[PDB]
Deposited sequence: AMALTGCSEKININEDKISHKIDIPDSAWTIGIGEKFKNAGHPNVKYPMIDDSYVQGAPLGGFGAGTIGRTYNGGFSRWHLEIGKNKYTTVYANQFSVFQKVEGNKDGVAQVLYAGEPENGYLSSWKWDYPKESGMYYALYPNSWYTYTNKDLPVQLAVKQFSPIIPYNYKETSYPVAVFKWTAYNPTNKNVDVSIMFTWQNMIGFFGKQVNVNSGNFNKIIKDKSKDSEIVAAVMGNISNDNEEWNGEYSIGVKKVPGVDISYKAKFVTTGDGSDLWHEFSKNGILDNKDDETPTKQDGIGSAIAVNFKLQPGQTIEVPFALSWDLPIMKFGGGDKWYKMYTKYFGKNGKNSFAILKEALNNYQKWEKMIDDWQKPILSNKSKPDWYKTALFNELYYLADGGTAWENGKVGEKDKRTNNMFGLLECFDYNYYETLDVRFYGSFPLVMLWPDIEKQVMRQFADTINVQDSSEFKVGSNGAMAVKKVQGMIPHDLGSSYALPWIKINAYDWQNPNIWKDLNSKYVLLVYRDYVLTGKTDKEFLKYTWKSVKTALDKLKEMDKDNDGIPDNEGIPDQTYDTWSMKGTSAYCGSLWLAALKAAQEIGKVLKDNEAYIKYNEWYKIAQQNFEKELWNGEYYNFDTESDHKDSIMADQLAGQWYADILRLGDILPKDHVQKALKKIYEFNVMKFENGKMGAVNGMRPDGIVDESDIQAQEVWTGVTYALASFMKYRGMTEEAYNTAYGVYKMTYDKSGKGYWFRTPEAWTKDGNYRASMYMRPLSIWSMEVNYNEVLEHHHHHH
């Protein structure tokens, strides 16, 4: 490996060998079908709301999130980079697809598949990833850096449906070597969203953009239809000329054939036919190829950038609504703009690299933090793009000031912005994209007094319940299978209108968003104030014994949606205390004296009774009325965790908080698989895991990272990082279960999981407050 020194990969990048088999992989531990796409994954490409494409560590374009809200795992085999090399003096060269695998059927059988093992590495530090190719039959060593311009405090480039592939080639040998790099792509119009005739009318064209000191050559893969529909648009691949390289291309090869129409050209001398051909296809799948060829002398390095764009302007949801995607603000809505997007990337990628370096540098340059922590901190952010992210720039046929946004809970539970989860998972948005975060919270504010009296069947018990109650915050803002932003509370396993955490978490999120953006946004507090007061006032009505605290009802009426709480719970009780303190402070800021007084009065009574009912001398009891009320809950003081972040001070005595945190580390962490797997949710005082429900026996990745944050703020530095390390290990390490780029909600002691690709573990960013 002589190529590593010619590029700059951070030591904290996650690494794996190209073609590596992983032996320890976890699988779902639930009874009904659940997504398991395997451990062959990678860091995604694509901006927020753009649709994303997961290119795996084996080189394949395999995890398709281009249909917004859906996860489709299938390798499109025509989509590849390939290499040709010939040493000066030899009669033949060699050609090789850079993919550690082969197609299942006979399509593209002429291509040279099965990139060999132990011949290259994959590296990832989101939004960047890299491959190196160090192969005994490839004298010239190659590397690529791939990325999309995902940039904090930037709402423009961050939305773009584009990826850059910056290649570096170096000749460590003593002979001249001719080298070609080829990018192939299938015309994927019709891959989704088209009910019949899926390739019909697809056609490819070549764009040559020549202007002084610039030549770009690109293929634009579109359809002859000018219809404005979810399925229609364009893909483009292309390359920018640099000194010492020539460009060749092939506009049309057949993907549903043996591929020799292309490969016979590339494998001979690494140079394509430059054949333009705009003939549309009928049944056959078609693709395009863009290549560069150059000669490298001994010791010579060259850099060449390729790019990929996709202009699919319209997203359609299952309930029928069609919306334009955010990037259309910058490039247009007609779906004929892929080249413009590609060109912007090829002409500005060096600037984008620097912008990414500039935001990663403060963390990467901090030598007090271990590299493993940096690996997790950056790579967990994959989910902001990969989470079915929807970001609208108008309803088709409809202009407003704001652009609505939604991140999925996950794909198995296809709900936008699940609020009990975003309480944990939204830290990166408030910290890095706060205008999105505040927009999402205003979306929730607007729903507070919505009332939908139609009824739905509650999954857990079969009872009928009202869809949406006035004054109750919704669980979620809908499903991609239905109508995001329009039809809320798609979730139906429990009735969220009686949940005891949503209204308090809503208030805490509002105040968090004010505090963590500088305590300056009075306008945001003003916008949300009526909803805050309404939310707390409605929750107070659920106090059934006048102890000043809402009563959990002996069912799962909060985020642990199969784990029953009854009476005053540590979890919901502490959230309530903190929400009351937050509302007091908002009242002060807004000069609402009567609100300050009322919430102060409720706070003092509730605080006294919380302490009386639950403090047992060592920790706070799970609740006051359950069968295992004395279980040690990992999340027992979630309200105090948020109070620390919001700078609301002590809601409970410092000494008792410290004892409780120490107890949690001693038990829920250290007595669970020797503290190497995170914090199990519920542990009995005898040090055996609580078996009352499956959720008690689960480690929740987002709960554990948030607990680590809590410990860290409280000066329990070793405990904090040790607790978080188990989550990192299970997700990324060779000794873990292979969950990189699909961090799940939960695992059990055997390491098997529930709900991969989950929002909650984005809470690792609470460790950076």
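**OP:** May I ask you to mark the stretches of the deposited sequence that the structure leaves without C-alpha coordinates?
**Re:** Missing from the model are residues 1-15, 414-415, 787-799.
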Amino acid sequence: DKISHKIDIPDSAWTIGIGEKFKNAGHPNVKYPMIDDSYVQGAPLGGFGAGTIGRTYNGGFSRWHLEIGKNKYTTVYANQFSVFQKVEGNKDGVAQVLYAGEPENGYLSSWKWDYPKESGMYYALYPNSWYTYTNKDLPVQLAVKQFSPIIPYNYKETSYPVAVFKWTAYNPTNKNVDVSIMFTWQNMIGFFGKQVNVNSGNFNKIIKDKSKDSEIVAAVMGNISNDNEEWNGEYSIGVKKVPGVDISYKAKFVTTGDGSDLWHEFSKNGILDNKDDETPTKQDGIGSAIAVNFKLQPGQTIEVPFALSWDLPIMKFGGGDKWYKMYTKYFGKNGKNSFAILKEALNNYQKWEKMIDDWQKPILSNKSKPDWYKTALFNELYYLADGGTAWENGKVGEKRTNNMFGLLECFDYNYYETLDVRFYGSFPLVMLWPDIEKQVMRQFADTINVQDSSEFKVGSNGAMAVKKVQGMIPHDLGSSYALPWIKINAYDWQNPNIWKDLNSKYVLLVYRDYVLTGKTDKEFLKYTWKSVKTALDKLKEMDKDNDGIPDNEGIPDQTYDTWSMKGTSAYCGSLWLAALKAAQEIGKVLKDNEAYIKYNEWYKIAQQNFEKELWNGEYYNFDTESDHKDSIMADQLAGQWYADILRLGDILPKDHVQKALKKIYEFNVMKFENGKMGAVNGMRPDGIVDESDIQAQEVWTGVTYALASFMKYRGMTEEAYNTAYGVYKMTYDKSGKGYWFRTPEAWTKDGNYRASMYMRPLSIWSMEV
From here on, numbers count along this sequence of modelled residues.
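Original post:
Is the mean CA B factor in the deposited entry higher across 571-579 or across 220-228?
Top reply: It is 220-228 that shows the higher mean C-alpha B-factor.
Subject >> Mean C-alpha temperature factor, higher of 433-441 and 268-276 >> reply: Of 268-276 and 433-441, the stretch with the higher C-alpha B-factor average is 268-276.
Subject >> Maximum C-alpha temperature factor, selected from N348, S214, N202, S426 >> reply: Highest C-alpha B-factor among the listed options: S214.
**OP:** Go through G69, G54, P33, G736 one by one and give the residue whose Cα B-factor in the PDB entry is largest.
**Re:** Largest recorded C-alpha B-factor: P33.
**OP:** Would you mind checking where the Cα B-factor of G639 ranks among the modelled residues of its chain, as the lowest, middle or highest third?
**Re:** Within its chain, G639 is a middle-third residue by C-alpha B-factor, going by the deposited values.
Original post:
Of the three thirds of its chain by CA temperature factor, lowest, middle or highest, which one includes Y713?
Top reply: Ranked within chain, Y713 CA B lands in the highest tercile.
Original post:
Going by what the PDB entry lists, where does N24 fall on CA B-factor within its chain: lowest, middle or highest third?
Top reply: Answer is highest: the recorded C-alpha B-factor places it there.
Subject >> Entry-reported Cα temperature factor of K659, expressed as the chain third it lands in >> reply: As the PDB entry reports it, the C-alpha B-factor of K659 lands in the highest third of its chain.
Original post:
Should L483 be placed in the lowest, middle or highest third of its chain by the C-alpha B factor in the entry?
Top reply: Lowest third of the chain for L483's C-alpha B-factor.
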